[PDB]
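This is target05.pdb. It holds PDB, N, CA and C atoms.
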ATOM      1  N   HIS A   1    -116.578  78.525  99.697  1.00  0.00           N
ATOM      2  CA  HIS A   1    -115.375  78.191  98.920  1.00  0.00           C
ATOM      3  C   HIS A   1    -115.488  78.688  97.490  1.00  0.00           C
ATOM      4  N   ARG A   2    -116.594  78.394  96.810  1.00  0.00           N
ATOM      5  CA  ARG A   2    -116.825  78.861  95.444  1.00  0.00           C
ATOM      6  C   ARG A   2    -116.789  80.390  95.412  1.00  0.00           C
ATOM      7  N   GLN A   3    -117.400  81.010  96.434  1.00  0.00           N
ATOM      8  CA  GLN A   3    -117.369  82.484  96.534  1.00  0.00           C
ATOM      9  C   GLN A   3    -115.949  83.014  96.612  1.00  0.00           C
ATOM     10  N   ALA A   4    -115.106  82.378  97.432  1.00  0.00           N
ATOM     11  CA  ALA A   4    -113.741  82.867  97.646  1.00  0.00           C
ATOM     12  C   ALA A   4    -112.949  82.731  96.345  1.00  0.00           C
ATOM     13  N   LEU A   5    -113.207  81.622  95.643  1.00  0.00           N
ATOM     14  CA  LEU A   5    -112.595  81.488  94.311  1.00  0.00           C
ATOM     15  C   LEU A   5    -113.016  82.592  93.362  1.00  0.00           C
ATOM     16  N   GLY A   6    -114.314  82.922  93.326  1.00  0.00           N
ATOM     17  CA  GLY A   6    -114.801  83.943  92.407  1.00  0.00           C
ATOM     18  C   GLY A   6    -114.223  85.303  92.714  1.00  0.00           C
ATOM     19  N   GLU A   7    -113.971  85.585  93.997  1.00  0.00           N
ATOM     20  CA  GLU A   7    -113.408  86.890  94.343  1.00  0.00           C
ATOM     21  C   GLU A   7    -111.983  87.040  93.823  1.00  0.00           C
ATOM     22  N   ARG A   8    -111.246  85.932  93.747  1.00  0.00           N
ATOM     23  CA  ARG A   8    -109.897  85.913  93.212  1.00  0.00           C
ATOM     24  C   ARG A   8    -109.941  85.872  91.689  1.00  0.00           C
ATOM     25  N   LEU A   9    -110.939  85.185  91.124  1.00  0.00           N
ATOM     26  CA  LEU A   9    -111.027  85.062  89.680  1.00  0.00           C
ATOM     27  C   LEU A   9    -111.373  86.400  89.036  1.00  0.00           C
ATOM     28  N   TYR A  10    -112.309  87.143  89.586  1.00  0.00           N
ATOM     29  CA  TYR A  10    -112.837  88.324  88.923  1.00  0.00           C
ATOM     30  C   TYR A  10    -111.764  89.316  88.484  1.00  0.00           C
ATOM     31  N   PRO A  11    -110.842  89.758  89.334  1.00  0.00           N
ATOM     32  CA  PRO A  11    -109.862  90.746  88.840  1.00  0.00           C
ATOM     33  C   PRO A  11    -108.983  90.190  87.729  1.00  0.00           C
ATOM     34  N   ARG A  12    -108.698  88.881  87.771  1.00  0.00           N
ATOM     35  CA  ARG A  12    -107.871  88.291  86.709  1.00  0.00           C
ATOM     36  C   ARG A  12    -108.634  88.229  85.396  1.00  0.00           C
ATOM     37  N   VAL A  13    -109.915  87.897  85.439  1.00  0.00           N
ATOM     38  CA  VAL A  13    -110.758  87.916  84.246  1.00  0.00           C
ATOM     39  C   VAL A  13    -110.894  89.335  83.730  1.00  0.00           C
ATOM     40  N   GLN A  14    -111.057  90.282  84.650  1.00  0.00           N
ATOM     41  CA  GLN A  14    -111.230  91.678  84.274  1.00  0.00           C
ATOM     42  C   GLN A  14    -110.029  92.223  83.524  1.00  0.00           C
ATOM     43  N   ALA A  15    -108.813  91.773  83.871  1.00  0.00           N
ATOM     44  CA  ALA A  15    -107.627  92.227  83.163  1.00  0.00           C
ATOM     45  C   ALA A  15    -107.570  91.680  81.734  1.00  0.00           C
ATOM     46  N   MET A  16    -108.261  90.584  81.462  1.00  0.00           N
ATOM     47  CA  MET A  16    -108.296  89.936  80.160  1.00  0.00           C
ATOM     48  C   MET A  16    -109.432  90.433  79.266  1.00  0.00           C
ATOM     49  N   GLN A  17    -110.625  90.536  79.818  1.00  0.00           N
ATOM     50  CA  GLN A  17    -111.842  90.938  79.115  1.00  0.00           C
ATOM     51  C   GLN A  17    -112.656  91.896  79.971  1.00  0.00           C
ATOM     52  N   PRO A  18    -112.176  93.122  80.125  1.00  0.00           N
ATOM     53  CA  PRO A  18    -112.822  94.019  81.095  1.00  0.00           C
ATOM     54  C   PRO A  18    -114.284  94.314  80.790  1.00  0.00           C
ATOM     55  N   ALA A  19    -114.681  94.346  79.522  1.00  0.00           N
ATOM     56  CA  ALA A  19    -116.049  94.703  79.168  1.00  0.00           C
ATOM     57  C   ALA A  19    -117.039  93.587  79.496  1.00  0.00           C
ATOM     58  N   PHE A  20    -116.543  92.386  79.759  1.00  0.00           N
ATOM     59  CA  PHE A  20    -117.408  91.225  79.988  1.00  0.00           C
ATOM     60  C   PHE A  20    -116.996  90.516  81.276  1.00  0.00           C
ATOM     61  N   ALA A  21    -116.323  91.215  82.182  1.00  0.00           N
ATOM     62  CA  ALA A  21    -115.673  90.526  83.305  1.00  0.00           C
ATOM     63  C   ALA A  21    -116.647  89.803  84.201  1.00  0.00           C
ATOM     64  N   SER A  22    -117.762  90.478  84.552  1.00  0.00           N
ATOM     65  CA  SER A  22    -118.705  89.830  85.460  1.00  0.00           C
ATOM     66  C   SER A  22    -119.432  88.691  84.749  1.00  0.00           C
ATOM     67  N   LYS A  23    -119.802  88.922  83.485  1.00  0.00           N
ATOM     68  CA  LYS A  23    -120.473  87.865  82.738  1.00  0.00           C
ATOM     69  C   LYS A  23    -119.621  86.609  82.634  1.00  0.00           C
ATOM     70  N   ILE A  24    -118.358  86.795  82.246  1.00  0.00           N
ATOM     71  CA  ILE A  24    -117.474  85.637  82.116  1.00  0.00           C
ATOM     72  C   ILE A  24    -117.149  85.008  83.462  1.00  0.00           C
ATOM     73  N   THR A  25    -116.888  85.824  84.483  1.00  0.00           N
ATOM     74  CA  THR A  25    -116.619  85.229  85.787  1.00  0.00           C
ATOM     75  C   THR A  25    -117.802  84.383  86.227  1.00  0.00           C
ATOM     76  N   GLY A  26    -119.026  84.876  86.021  1.00  0.00           N
ATOM     77  CA  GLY A  26    -120.198  84.097  86.369  1.00  0.00           C
ATOM     78  C   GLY A  26    -120.316  82.788  85.607  1.00  0.00           C
ATOM     79  N   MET A  27    -119.990  82.803  84.322  1.00  0.00           N
ATOM     80  CA  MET A  27    -119.969  81.569  83.545  1.00  0.00           C
ATOM     81  C   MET A  27    -118.960  80.566  84.107  1.00  0.00           C
ATOM     82  N   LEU A  28    -117.742  81.054  84.443  1.00  0.00           N
ATOM     83  CA  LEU A  28    -116.727  80.165  85.017  1.00  0.00           C
ATOM     84  C   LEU A  28    -117.148  79.609  86.365  1.00  0.00           C
ATOM     85  N   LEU A  29    -117.841  80.420  87.155  1.00  0.00           N
ATOM     86  CA  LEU A  29    -118.255  79.975  88.478  1.00  0.00           C
ATOM     87  C   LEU A  29    -119.340  78.906  88.454  1.00  0.00           C
ATOM     88  N   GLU A  30    -119.914  78.582  87.302  1.00  0.00           N
ATOM     89  CA  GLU A  30    -120.826  77.425  87.204  1.00  0.00           C
ATOM     90  C   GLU A  30    -120.060  76.117  87.070  1.00  0.00           C
ATOM     91  N   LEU A  31    -118.755  76.191  86.773  1.00  0.00           N
ATOM     92  CA  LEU A  31    -117.980  74.990  86.444  1.00  0.00           C
ATOM     93  C   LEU A  31    -117.700  74.130  87.659  1.00  0.00           C
ATOM     94  N   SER A  32    -117.132  72.926  87.419  1.00  0.00           N
ATOM     95  CA  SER A  32    -116.928  72.035  88.558  1.00  0.00           C
ATOM     96  C   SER A  32    -115.884  72.597  89.507  1.00  0.00           C
ATOM     97  N   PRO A  33    -115.926  72.139  90.742  1.00  0.00           N
ATOM     98  CA  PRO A  33    -114.881  72.491  91.703  1.00  0.00           C
ATOM     99  C   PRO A  33    -113.473  72.217  91.186  1.00  0.00           C
ATOM    100  N   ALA A  34    -113.246  71.046  90.586  1.00  0.00           N
ATOM    101  CA  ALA A  34    -111.917  70.719  90.085  1.00  0.00           C
ATOM    102  C   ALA A  34    -111.496  71.691  88.993  1.00  0.00           C
ATOM    103  N   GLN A  35    -112.398  72.051  88.086  1.00  0.00           N
ATOM    104  CA  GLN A  35    -112.030  72.974  87.001  1.00  0.00           C
ATOM    105  C   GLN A  35    -111.794  74.373  87.546  1.00  0.00           C
ATOM    106  N   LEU A  36    -112.559  74.820  88.533  1.00  0.00           N
ATOM    107  CA  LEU A  36    -112.302  76.150  89.094  1.00  0.00           C
ATOM    108  C   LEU A  36    -110.929  76.227  89.731  1.00  0.00           C
ATOM    109  N   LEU A  37    -110.566  75.182  90.466  1.00  0.00           N
ATOM    110  CA  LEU A  37    -109.236  75.187  91.091  1.00  0.00           C
ATOM    111  C   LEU A  37    -108.139  75.217  90.046  1.00  0.00           C
ATOM    112  N   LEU A  38    -108.320  74.449  88.956  1.00  0.00           N
ATOM    113  CA  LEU A  38    -107.334  74.484  87.880  1.00  0.00           C
ATOM    114  C   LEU A  38    -107.186  75.891  87.302  1.00  0.00           C
ATOM    115  N   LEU A  39    -108.314  76.564  87.082  1.00  0.00           N
ATOM    116  CA  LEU A  39    -108.290  77.898  86.497  1.00  0.00           C
ATOM    117  C   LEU A  39    -107.635  78.902  87.427  1.00  0.00           C
ATOM    118  N   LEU A  40    -107.916  78.835  88.730  1.00  0.00           N
ATOM    119  CA  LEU A  40    -107.225  79.762  89.619  1.00  0.00           C
ATOM    120  C   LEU A  40    -105.736  79.456  89.705  1.00  0.00           C
ATOM    121  N   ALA A  41    -105.356  78.187  89.623  1.00  0.00           N
ATOM    122  CA  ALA A  41    -103.946  77.814  89.745  1.00  0.00           C
ATOM    123  C   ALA A  41    -103.132  78.154  88.506  1.00  0.00           C
ATOM    124  N   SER A  42    -103.751  78.238  87.339  1.00  0.00           N
ATOM    125  CA  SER A  42    -103.021  78.418  86.090  1.00  0.00           C
ATOM    126  C   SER A  42    -103.621  79.554  85.278  1.00  0.00           C
ATOM    127  N   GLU A  43    -102.916  80.686  85.267  1.00  0.00           N
ATOM    128  CA  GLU A  43    -103.344  81.827  84.462  1.00  0.00           C
ATOM    129  C   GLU A  43    -103.361  81.437  82.997  1.00  0.00           C
ATOM    130  N   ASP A  44    -102.466  80.558  82.549  1.00  0.00           N
ATOM    131  CA  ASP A  44    -102.514  80.121  81.145  1.00  0.00           C
ATOM    132  C   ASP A  44    -103.821  79.408  80.847  1.00  0.00           C
ATOM    133  N   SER A  45    -104.225  78.474  81.725  1.00  0.00           N
ATOM    134  CA  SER A  45    -105.524  77.817  81.541  1.00  0.00           C
ATOM    135  C   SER A  45    -106.677  78.803  81.621  1.00  0.00           C
ATOM    136  N   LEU A  46    -106.599  79.734  82.574  1.00  0.00           N
ATOM    137  CA  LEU A  46    -107.638  80.751  82.707  1.00  0.00           C
ATOM    138  C   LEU A  46    -107.762  81.587  81.438  1.00  0.00           C
ATOM    139  N   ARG A  47    -106.648  82.014  80.865  1.00  0.00           N
ATOM    140  CA  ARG A  47    -106.714  82.833  79.631  1.00  0.00           C
ATOM    141  C   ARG A  47    -107.417  82.082  78.516  1.00  0.00           C
ATOM    142  N   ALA A  48    -107.098  80.802  78.351  1.00  0.00           N
ATOM    143  CA  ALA A  48    -107.741  80.006  77.302  1.00  0.00           C
ATOM    144  C   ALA A  48    -109.235  79.902  77.547  1.00  0.00           C
ATOM    145  N   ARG A  49    -109.626  79.726  78.805  1.00  0.00           N
ATOM    146  CA  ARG A  49    -111.040  79.514  79.130  1.00  0.00           C
ATOM    147  C   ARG A  49    -111.835  80.811  79.029  1.00  0.00           C
ATOM    148  N   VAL A  50    -111.219  81.933  79.388  1.00  0.00           N
ATOM    149  CA  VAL A  50    -111.850  83.238  79.226  1.00  0.00           C
ATOM    150  C   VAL A  50    -112.039  83.539  77.750  1.00  0.00           C
ATOM    151  N   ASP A  51    -111.030  83.234  76.927  1.00  0.00           N
ATOM    152  CA  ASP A  51    -111.192  83.401  75.481  1.00  0.00           C
ATOM    153  C   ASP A  51    -112.325  82.528  74.934  1.00  0.00           C
ATOM    154  N   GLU A  52    -112.430  81.301  75.435  1.00  0.00           N
ATOM    155  CA  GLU A  52    -113.511  80.409  75.016  1.00  0.00           C
ATOM    156  C   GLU A  52    -114.857  81.016  75.375  1.00  0.00           C
ATOM    157  N   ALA A  53    -114.951  81.544  76.598  1.00  0.00           N
ATOM    158  CA  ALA A  53    -116.205  82.156  77.056  1.00  0.00           C
ATOM    159  C   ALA A  53    -116.591  83.349  76.193  1.00  0.00           C
ATOM    160  N   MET A  54    -115.605  84.192  75.883  1.00  0.00           N
ATOM    161  CA  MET A  54    -115.838  85.333  74.997  1.00  0.00           C
ATOM    162  C   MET A  54    -116.321  84.873  73.626  1.00  0.00           C
ATOM    163  N   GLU A  55    -115.692  83.840  73.058  1.00  0.00           N
ATOM    164  CA  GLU A  55    -116.122  83.322  71.761  1.00  0.00           C
ATOM    165  C   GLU A  55    -117.553  82.796  71.841  1.00  0.00           C
ATOM    166  N   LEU A  56    -117.925  82.146  72.933  1.00  0.00           N
ATOM    167  CA  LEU A  56    -119.297  81.655  73.088  1.00  0.00           C
ATOM    168  C   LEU A  56    -120.289  82.811  73.207  1.00  0.00           C
ATOM    169  N   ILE A  57    -119.916  83.857  73.941  1.00  0.00           N
ATOM    170  CA  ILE A  57    -120.817  85.011  74.049  1.00  0.00           C
ATOM    171  C   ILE A  57    -121.099  85.586  72.670  1.00  0.00           C
ATOM    172  N   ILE A  58    -120.047  85.736  71.854  1.00  0.00           N
ATOM    173  CA  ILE A  58    -120.225  86.311  70.518  1.00  0.00           C
ATOM    174  C   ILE A  58    -121.021  85.386  69.623  1.00  0.00           C
ATOM    175  N   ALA A  59    -120.709  84.094  69.642  1.00  0.00           N
ATOM    176  CA  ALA A  59    -121.406  83.140  68.789  1.00  0.00           C
ATOM    177  C   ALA A  59    -122.885  83.041  69.143  1.00  0.00           C
ATOM    178  N   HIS A  60    -123.189  82.958  70.441  1.00  0.00           N
ATOM    179  CA  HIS A  60    -124.590  82.836  70.863  1.00  0.00           C
ATOM    180  C   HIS A  60    -125.348  84.050  70.346  1.00  0.00           C
ATOM    181  N   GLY A  61    -124.733  85.220  70.442  1.00  0.00           N
ATOM    182  CA  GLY A  61    -125.301  86.447  69.919  1.00  0.00           C
ATOM    183  C   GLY A  61    -125.559  86.378  68.426  1.00  0.00           C
TER     184      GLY A  61
END
In structure tokens, write the structure found in this file.
Amino acid sequence: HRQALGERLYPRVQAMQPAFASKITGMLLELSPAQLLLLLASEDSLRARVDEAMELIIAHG
């Protein structure tokens, strides 16, 4: 189930942050089942969370 979600998530993440698509998709795929379903159901929520992930990648760096 988590795998099937990630296969759908990846192209959508890639359209938002193509240079970090696999990294960010992998970060999202650690999240809870409920949060993953929310992200796949709502591109608006997904965009916010992908932006958050990108900001964390830069900050950690």
For this session: Write out as an MDAnalysis selection string each polymer residue whose atoms come within 8 Å of residue 40 (chain A), counting only C-alpha atoms; drop sequence neighbours fewer than 2 positions from it.
Result: chainID A and resid 5 8:9 36:38 42:43 46
For this session: Check the smallest atom-to-atom distance from each of A:6, A:58, A:51, A:44 to residue 26 (chain A) using all atoms listed in the file, then report the winner.
Result: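 Of A:6, A:58, A:51, A:44, the one nearest residue 26 (chain A) is A:6, counting all atoms listed in the file.
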For this session: Go through A:53, A:11, A:45, A:3 and flag the residue nearest residue 27 (chain A), using only C-alpha atoms for the distances.
Result: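 The shortest atom-to-atom distance to residue 27 (chain A) comes from A:53.
Atom N of residue 59 (chain A) to atom N of residue 19 (chain A) spans 15.5 Å [interatomic distance, one decimal].
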Exercise. What is the CA of residue 10 (chain A) to atom C of residue 56 (chain A) distance in Å?
Worked result: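 Computing it gives 18.2 Å between the two atoms.
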Problem set entry | Two-atom distance - CA of residue 14 (chain A), atom N of residue 34 (chain A) (Å) | 21.7 Å
Exercise. If you run DSSP on the backbone, which residues of chain A are alpha helix (DSSP H), as an NGL selection string?
Worked result: :A and (2-16 or 21-28 or 33-41 or 43-60)
I'd like the box whose edges run along x, y and z of the file and which contains every listed atom of region 29-48 of chain A, padded by 3 Å per side; could you state its centre and edge lengths in Å, one decimal, as JSON?
{"center_x": -111.6, "center_y": 76.8, "center_z": 84.5, "size_x": 24.4, "size_y": 18.1, "size_z": 20.4}
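Nearest residue to residue 2 (chain A) among A:25, A:16, A:41, A:33 is A:33, counting only C-alpha atoms.
Shortest atom-to-atom contact with residue 1 (chain A) among A:22, A:17, A:52, A:29: A:29, counting only C-alpha atoms.
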Exercise. When distances are computed from only C-alpha atoms, which of A:12, A:48, A:54, A:7 shows the smallest separation from residue 24 (chain A)?
Worked result: A:54
N, CA, C and O atoms are what I want for region 21-47 of chain A; can you complete it accordingly and write them as a short mmCIF file (atom, residue, chain, number, x, y, z; two decimals), keeping the file's coordinate frame?
data_model
loop_
_atom_site.label_atom_id
_atom_site.label_comp_id
_atom_site.auth_asym_id
_atom_site.auth_seq_id
_atom_site.Cartn_x
_atom_site.Cartn_y
_atom_site.Cartn_z
N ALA A 21 -116.32 91.22 82.18
CA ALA A 21 -115.67 90.53 83.30
C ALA A 21 -116.65 89.80 84.20
O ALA A 21 -116.40 88.67 84.61
N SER A 22 -117.76 90.48 84.55
CA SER A 22 -118.70 89.83 85.46
C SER A 22 -119.43 88.69 84.75
O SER A 22 -119.64 87.62 85.30
N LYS A 23 -119.80 88.92 83.48
CA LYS A 23 -120.47 87.86 82.74
C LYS A 23 -119.62 86.61 82.63
O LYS A 23 -120.07 85.50 82.91
N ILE A 24 -118.36 86.80 82.25
CA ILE A 24 -117.47 85.64 82.12
C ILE A 24 -117.15 85.01 83.46
O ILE A 24 -117.14 83.78 83.58
N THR A 25 -116.89 85.82 84.48
CA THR A 25 -116.62 85.23 85.79
C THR A 25 -117.80 84.38 86.23
O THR A 25 -117.62 83.27 86.74
N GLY A 26 -119.03 84.88 86.02
CA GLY A 26 -120.20 84.10 86.37
C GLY A 26 -120.32 82.79 85.61
O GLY A 26 -120.69 81.76 86.18
N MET A 27 -119.99 82.80 84.32
CA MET A 27 -119.97 81.57 83.54
C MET A 27 -118.96 80.57 84.11
O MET A 27 -119.23 79.37 84.26
N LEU A 28 -117.74 81.05 84.44
CA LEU A 28 -116.73 80.17 85.02
C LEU A 28 -117.15 79.61 86.36
O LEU A 28 -116.83 78.47 86.69
N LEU A 29 -117.84 80.42 87.16
CA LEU A 29 -118.26 79.97 88.48
C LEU A 29 -119.34 78.91 88.45
O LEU A 29 -119.64 78.34 89.52
N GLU A 30 -119.91 78.58 87.30
CA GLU A 30 -120.83 77.42 87.20
C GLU A 30 -120.06 76.12 87.07
O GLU A 30 -120.65 75.05 87.20
N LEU A 31 -118.76 76.19 86.77
CA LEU A 31 -117.98 74.99 86.44
C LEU A 31 -117.70 74.13 87.66
O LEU A 31 -117.99 74.51 88.80
N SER A 32 -117.13 72.93 87.42
CA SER A 32 -116.93 72.04 88.56
C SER A 32 -115.88 72.60 89.51
O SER A 32 -115.01 73.37 89.15
N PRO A 33 -115.93 72.14 90.74
CA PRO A 33 -114.88 72.49 91.70
C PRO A 33 -113.47 72.22 91.19
O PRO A 33 -112.60 73.07 91.34
N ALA A 34 -113.25 71.05 90.59
CA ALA A 34 -111.92 70.72 90.08
C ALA A 34 -111.50 71.69 88.99
O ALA A 34 -110.34 72.11 88.97
N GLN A 35 -112.40 72.05 88.09
CA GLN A 35 -112.03 72.97 87.00
C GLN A 35 -111.79 74.37 87.55
O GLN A 35 -110.87 75.06 87.11
N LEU A 36 -112.56 74.82 88.53
CA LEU A 36 -112.30 76.15 89.09
C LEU A 36 -110.93 76.23 89.73
O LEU A 36 -110.23 77.24 89.60
N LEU A 37 -110.57 75.18 90.47
CA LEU A 37 -109.24 75.19 91.09
C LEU A 37 -108.14 75.22 90.05
O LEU A 37 -107.12 75.90 90.20
N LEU A 38 -108.32 74.45 88.96
CA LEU A 38 -107.33 74.48 87.88
C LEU A 38 -107.19 75.89 87.30
O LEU A 38 -106.08 76.35 87.06
N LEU A 39 -108.31 76.56 87.08
CA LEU A 39 -108.29 77.90 86.50
C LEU A 39 -107.64 78.90 87.43
O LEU A 39 -106.85 79.73 86.98
N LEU A 40 -107.92 78.83 88.73
CA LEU A 40 -107.22 79.76 89.62
C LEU A 40 -105.74 79.46 89.70
O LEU A 40 -104.92 80.37 89.84
N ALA A 41 -105.36 78.19 89.62
CA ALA A 41 -103.95 77.81 89.74
C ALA A 41 -103.13 78.15 88.51
O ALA A 41 -101.92 78.37 88.61
N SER A 42 -103.75 78.24 87.34
CA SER A 42 -103.02 78.42 86.09
C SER A 42 -103.62 79.55 85.28
O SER A 42 -104.68 79.41 84.67
N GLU A 43 -102.92 80.69 85.27
CA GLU A 43 -103.34 81.83 84.46
C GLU A 43 -103.36 81.44 83.00
O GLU A 43 -104.21 81.95 82.25
N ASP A 44 -102.47 80.56 82.55
CA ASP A 44 -102.51 80.12 81.14
C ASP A 44 -103.82 79.41 80.85
O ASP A 44 -104.45 79.67 79.81
N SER A 45 -104.22 78.47 81.72
CA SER A 45 -105.52 77.82 81.54
C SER A 45 -106.68 78.80 81.62
O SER A 45 -107.65 78.74 80.87
N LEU A 46 -106.60 79.73 82.57
CA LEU A 46 -107.64 80.75 82.71
C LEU A 46 -107.76 81.59 81.44
O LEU A 46 -108.88 81.84 80.96
N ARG A 47 -106.65 82.01 80.86
CA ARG A 47 -106.71 82.83 79.63
C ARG A 47 -107.42 82.08 78.52
O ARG A 47 -108.25 82.64 77.81
#
